[PDB]
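To keep things clear, I will list the structure first and then write my remarks on it.
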Amino acid sequence: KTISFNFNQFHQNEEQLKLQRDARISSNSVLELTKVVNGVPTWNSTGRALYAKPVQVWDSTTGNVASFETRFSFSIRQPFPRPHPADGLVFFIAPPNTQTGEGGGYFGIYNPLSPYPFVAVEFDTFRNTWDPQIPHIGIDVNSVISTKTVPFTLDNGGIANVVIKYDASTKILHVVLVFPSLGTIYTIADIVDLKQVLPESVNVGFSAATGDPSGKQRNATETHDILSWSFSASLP
Amino acid sequence: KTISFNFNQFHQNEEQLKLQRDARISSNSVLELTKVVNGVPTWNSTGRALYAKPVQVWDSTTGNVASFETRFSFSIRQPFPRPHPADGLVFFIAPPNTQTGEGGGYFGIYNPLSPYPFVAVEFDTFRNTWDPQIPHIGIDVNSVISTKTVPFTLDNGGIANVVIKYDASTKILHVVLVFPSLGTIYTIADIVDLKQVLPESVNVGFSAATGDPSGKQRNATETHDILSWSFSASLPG
Ligand SMILES: *[C@@H]1O[C@H](CO)[C@@H](O[C@@H]2O[C@H](CO)[C@@H](O)[C@H](O)[C@H]2NC(C)=O)[C@H](O[C@@H]2O[C@@H](C)[C@@H](O)[C@@H](O)[C@@H]2O)[C@H]1NC(C)=O
Ligand SMILES: *[C@@H]1O[C@H](CO)[C@@H](O[C@@H]2O[C@H](CO)[C@@H](O)[C@H](O)[C@H]2NC(C)=O)[C@H](O[C@@H]2O[C@@H](C)[C@@H](O)[C@@H](O)[C@@H]2O)[C@H]1NC(C)=O
Ligand SMILES: *[C@@H]1O[C@H](CO)[C@@H](O[C@@H]2O[C@H](CO)[C@@H](O)[C@H](O)[C@H]2NC(C)=O)[C@H](O[C@@H]2O[C@@H](C)[C@@H](O)[C@@H](O)[C@@H]2O)[C@H]1NC(C)=O
Ligand SMILES: *[C@@H]1O[C@H](CO)[C@@H](O[C@@H]2O[C@H](CO)[C@@H](O)[C@H](O)[C@H]2NC(C)=O)[C@H](O[C@@H]2O[C@@H](C)[C@@H](O)[C@@H](O)[C@@H]2O)[C@H]1NC(C)=O
Ligand SMILES: CC(=O)N[C@H]1[C@@H](O[C@@H]2[C@@H](O)[C@@H](O)O[C@H](CO)[C@@H]2O)O[C@H](CO)[C@H](O)[C@@H]1O
Ligand SMILES: CC(=O)N[C@H]1[C@@H](O[C@@H]2[C@@H](O)[C@@H](O)O[C@H](CO)[C@@H]2O)O[C@H](CO)[C@H](O)[C@@H]1O
Ligand SMILES: [Ca+2]
Ligand SMILES: [Ca+2]
Ligand SMILES: [Mn+2]
Ligand SMILES: [Mn+2]
């Protein structure tokens, strides 16, 4: 069984996407996860975008787990350097029919009141108490306290290409981050047993958030745009 | 106990490098692993380049294994599309004081007569009986029959950036291949227990080869140039 989709760009009312909270598609075809008014990103924003159809990551009958590969391009523009941009964006896999969780450093995927399991790859731009220096790429399993982390230098407003690959036979999740304009390459990998943390059917998508009001800083913001996205999964 | 070296270019007769067989450094500073005469790559060629000093990847006293990262840029130019360029190049780790092995699809690292252990990342351009479609990246452990493989499309004569990383805590060896002119990205990873296959001290370097005479095709060739190379390893204790 193989499932795959490709998005060279994004259109309004796209039927294959499920937009939640502040997420929306601009007229020039970009998926803006967090609020941007008149070219200016705002604080207190959270938004998600899920693929409309659930994907089967493993089968309880055969015990087999799926392998998958997803590539996407994003752009983070940080117009206000002081005091600190926030919060970042993530690619995540979660049970279907979930709802946006808490914003801020929780990226909109974690809900303390009723936590659901999830695997996520974060591009964290704000250093919370539980964080190492930012920006960093992090692999999260059921929590935003990354199992593995790697730092990177953001190309402010530039385009970033990401490749996430998961091999079921080795349980290796490897992610590659490239900034073509700068020619920089960052890589991180870890062992994650999907079958052990997630249910057979899941949703895949993105989530992001800007500074939470509790921080009392309106400058704690930045854009979180997704320019393209392709996904592929194979369940033998 | 970190160790690291960086070559942003290659000088004529590098005191830090050991060149074997056909490997040589051109006047414009590139490390040519296989023979090129008058701008034309030839067949029947094999060459290696090792860092002159051995590196310790693990310590029997503490049992600790080293983590490392290496980056390099290479370029493979294929002048003759038909009937099939050959053979490819590899980055390898082997016991010190070894000798060039068999050429052809063995890249110069495998010696059937007297095999020595090795871990290598290959960029294979010729499809041997044991190979999947080419070109492909492959992870080799003690043999050229890759444990893992992934295909890629070569940027003929272009520059390629490679990042190889090994994390001792997870035993994950991940390699990334990027062709900046094309913007293409390829990735592959696998679990490899260095401590279990290699000795405490090893050599790190490159090896490559062009078509073997047995193939009876002088067109089975291509260049195998290394443009730059940096290495870094951390052995806690
Ligand atoms: C952060 O954004 C939230 C919505 O994205 C704001 O809450 C919502 O505000 C709407 C307009 O005031 C209101 O109709 C909704 O009921 C409310 N949602 C709920 C129930 O929480 C949130 O704060 C609100 O709006 C500001 C302008 C003040 O009026 C507050 O008293 C509201 O709770 C925004 N945070 C802030 C303080 O900007
Ligand atoms: C939030 O972002 C604002 C826009 O960058 C900051 O103001 C800008 O500060 C610059 C020097 O840091 C100054 O050259 C710009 O003119 C100014 N832009 C405008 C029109 O606000 C702002 O910094 C604070 O406010 C400015 C006006 C100065 O008083 C600074 O000393 C203040 O820090 C940022 N606010 C915070 C809390 O950093
Ligand atoms: C080995 O590579 C050579 C260079 O690409 C091939 O010759 C070239 O073949 C072209 C058509 O394939 C032809 O337009 C070119 O004029 C010619 N170039 C030269 C320098 O000869 C060669 O192809 C074969 O051998 C040559 C001598 C011709 O007889 C071709 O028709 C043959 O296909 C390549 N060898 C093989 C066996 O493919
Ligand atoms: C393939 O490359 C080999 C070098 O690694 C050639 O080996 C030959 O080794 C001889 C022993 O020291 C040396 O004198 C020769 O110069 C050298 N090749 C030549 C002619 O330059 C090999 O050459 C073939 O095999 C040798 C043993 C002789 O019989 C030569 O006449 C043959 O050409 C190269 N083979 C081919 C197909 O070119
Ligand atoms: C958990 C969370 O959403 N944190 C966000 C918040 O960080 C805290 C802030 O709430 C308050 O407690 O002060 C501390 C520093 O003493 C932190 O800023 O706000 C920032 C933006 O200002 C960001 O959104 C965090 O993710
Ligand atoms: C093992 C080896 O080095 N093989 C090289 C050889 O490939 C084979 C050749 O052995 C013979 O059997 O013919 C077949 C095709 O029917 C292959 O060519 O030669 C090629 C060069 O053409 C290459 O160097 C192989 O790696
Ligand atoms: Ca954070
Ligand atoms: Ca081969
Ligand atoms: Mn984080
Ligand atoms: Mn191969």
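These values consider heavy atoms only, across backbone and side chains, with no hydrogens, waters or symmetry-generated copies. Residue numbers begin at 1 in each chain, while the letters A, B, ... track the order of the sequences.
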**Study point:** Winner by heavy-atom pair count (cut-off under 4.5 Å) against chain A, out of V163(B), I191(B), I185(B)
**Key:**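 Option with the top pair count is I185(B).
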Considering only heavy-atom distances, could you tabulate the donor-acceptor pairs under 3.5 Å between chain B and chain A?
unit_1	atom_1	unit_2	atom_2	d
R71(B)	NH2	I185(A)	O	3.1
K148(B)	NZ	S169(A)	OG	2.8
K165(B)	NZ	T187(A)	O	3.4
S169(B)	OG	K148(A)	NZ	3.1
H174(B)	ND1	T187(A)	OG1	3.3
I185(B)	O	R71(A)	NH1	3.0
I185(B)	O	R71(A)	NH2	2.9
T187(B)	O	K165(A)	NZ	3.3
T187(B)	OG1	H174(A)	ND1	3.2

Check your understanding: Crowded around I159(B) CD1? As in, over 12 foreign heavy atoms under 6.0 Å?
Key ->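 Counting other residues, nucleotides and ligands, CD1 of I159(B) stays at 12 neighbours or fewer.
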Exercise for review: With a 4.5 angstrom heavy-atom cut-off, could you sort out which part of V150(B) is near chain A: side chain, backbone, both or neither?
Suggested key: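 It is the side chain, since no backbone atom gets that close.
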Exercise for review: Could you look at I172(B) and say if it's the side chain, the backbone, both or neither that has a heavy atom under 4.5 Å from chain A?
Suggested key: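 Only the side chain of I172(B) comes within 4.5 Å of chain A.
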Practice item. State which residues pass ring-ring contact (aromatic ring centres under 6.0 Å, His included) with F231(A); sequence neighbours excluded, sorted by chain then number. Key: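 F231(A) satisfies ring-ring contact (aromatic ring centres under 6.0 Å, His included) with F5(A), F68(A) once adjacent residues are dropped.
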